[PDB]
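Presented as structure tokens, the chain that follows is alone, the form deposited in one PDB entry.
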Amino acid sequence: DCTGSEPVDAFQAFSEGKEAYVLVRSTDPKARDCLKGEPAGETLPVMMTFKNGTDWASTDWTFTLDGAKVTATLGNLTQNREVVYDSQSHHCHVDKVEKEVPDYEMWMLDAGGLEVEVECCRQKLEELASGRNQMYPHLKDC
């Protein structure tokens, strides 16, 4: 059984903005290597850390949450997401990145993820991605 948290709430899916999450699956071929989103004080400020290519980089995004929907902004760049699946204990979740041809991402806790729940997120990402190639950004010499 892989029934997640219902109704899906983005604030609950991110452990109420108290835990760091890592990008582990993505249908976007330009997905950031070793991407990790973590709390950056206090809308909801988020610090994104990633690699491009050998050197580490970091940017400050501002999240605006409303139910399952998540709007992230950096300067004048805007990205819209919807948390389409969240596991029982908020250990992982799957986002639909809203654009002309939507992408799907799997995010999981940087530390303390329950295997059965993480596997349910992997299956939900497989279902939504279907045959589209799934990048594993956390396996890029992180």
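All residue numbers are counted from 1 along the displayed sequence.
Missing here is the form solved in complex with a partner chain; even so, the following discussion is about that form.
Of the candidate stretches 62 to 70, 78 to 86, 107 to 115, 94 to 102, only 107 to 115 contains residues with a heavy atom within 4.5 Å of the partner chain in the deposited complex. Contact check for residue 74: every heavy atom lies farther than 4.5 Å from the partner chain in the deposited complex. Contact annotation: residue 141 falls within 4.5 Å of the partner chain in the deposited complex, judged by heavy atom distances. Though the partner is left out of this view, residue 19 does reach within 4.5 Å of the partner chain in the deposited complex, counting heavy atoms only. The partner chain in the deposited complex is not approached by residue 37, whose heavy atoms all lie more than 4.5 angstroms from it.
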